[PDB]
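Student: I need the structure of the sequence given here:
(chains A and B)
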Protein chains: 2
Amino acid sequence: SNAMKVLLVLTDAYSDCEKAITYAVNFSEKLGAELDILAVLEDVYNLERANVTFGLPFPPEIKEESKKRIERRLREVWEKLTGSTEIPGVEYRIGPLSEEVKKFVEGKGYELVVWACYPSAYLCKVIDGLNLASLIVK
Amino acid sequence: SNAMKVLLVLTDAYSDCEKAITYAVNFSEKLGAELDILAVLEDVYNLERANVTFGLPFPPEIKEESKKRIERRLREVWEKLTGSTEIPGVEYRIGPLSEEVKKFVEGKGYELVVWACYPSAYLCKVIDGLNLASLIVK
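Tutor: Residues are numbered from 1 along each chain as shown, chains lettered A, B, ... in the order given. Next up is the structure itself:
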């Protein structure tokens, strides 16, 4: 299969990134790429850590709230561009971006990774540590 | 118009960069983008410098030949993808990459920059500085 394997990486903290989601849809459609979506819940992760550190409690529903904000944002763009709201399945990982992207992506052969509106300064390292093209959407 | 403006940034130093040039072509083709090409002769620049410091002769052929190799390399990939040798015009600039790209892009409305295999490690600052998406092709 010559299907360009692409991964869209989303953050629950920067779920409003139409430009990135658009790039992905265009690769999927116009370039026939095999698209997968990974959403890292970094904010939910920081909650877990504040919990351990200060004993700050938080409702398990928080996970779902983020999952839905993300999924809604996907449908909006997908429908707007594709007239359809059938989006890919979303894989959720709770932890540090770099670390989680690395784990997830390993040995899956992704030719490209599209980073959704995440602060560039913090990607510099991972992008280098990864052997695949990176599309930094600002 | 509603045609996405993309800039392909080629460099003096890093020759063999087919993958990057390829992504660029595809955007022009499948994604109907208005692609422009910019080649920063960084190696030539660093030479004019060592010239001044040491006063060693600096033949005009170096520059011309540097442009010719680049053009050849474009044609190869271009031709391999589209049966045509017809290639966009290349704009040459002689200076530090980071510096030259900022100036060139200056209010031109480019929304995406495809980096031609220049070490991603060195672009960290420039990518963050720029207000457009960056496709790092390793």
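Student: would you check that residue A:10 makes contact with residue A:67?
Tutor: No - using CB atoms under 8 Å, residue A:10 makes no contact with residue A:67, being 10.7 Å away. Just so you know, the C-beta spots here come from the backbone N, C-alpha and C atoms, and that holds for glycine as well.
Student: and the two? which has more neighbours close in?
Tutor: The residue with more neighbours, out of residue A:10 and residue A:67, is residue A:10; 27 against 17, by other CB atoms under 10 Å in any protein chain shown.
Student: residue A:8 belongs to a strand?
Tutor: Yes - if the criterion is DSSP: H, G, I helix; E, B strand; the rest coil, then residue A:8 is within a strand.
Student: isn't it right next to residue A:20, touching?
Tutor: Yes - assessed by CB under 8 Å, residue A:8 is found in contact with residue A:20 at 6.9 Å.
Student: overlap of the contact sets of those two?
Tutor: By CB atoms under 8 Å, 6 or more residues apart in numbering or on different chains, residue A:8 and residue A:20 have these common neighbours: A:114, A:116.
Student: give me the more crowded residue out of the two.
Tutor: Set side by side, residue A:8 and residue A:20 show more neighbours around residue A:8, with 27 against 23, by other CB under 10 Å.
Student: separation between the more buried one and residue B:13?
Tutor: With distances taken as CB to CB, to the nearest Å, residue A:8 is found 32 Å from residue B:13.
Student: got the phi and psi for the residue lying closest to residue A:63 once chain neighbours are set aside?
Tutor: Nearest residue to residue A:63 in three dimensions, chain neighbours excluded: residue A:44, at 5.8 Å (CB to CB, 6 or more residues apart in numbering or on different chains). As for residue A:44, its main-chain torsions (degrees, to the nearest 10) stand at phi -60, psi -30.
Student: number of nearby residues for residue A:44?
Tutor: Counted with other CB under 10 Å, the neighbours of residue A:44 add up to 20.
Student: over to the one 4 residues further on?
Tutor: Per other CB under 10 Å, the neighbour tally for residue A:48 reads 15.
Student: which helices and strands sit right next to the one helix or strand it maps to?
Tutor: Here residue A:48 sits within helix A:42-54, counting by DSSP states H and E. Here helix A:42-54 touches helix A:61-82, going by 3 or more CB pairs under 8 Å, 6 or more residues apart in numbering or on different chains; DSSP states H and E.
Student: distance of residue A:20 from chain B?
Tutor: To chain B, residue A:20 is 8 Å away according to CB to the nearest CB, to the nearest Å.
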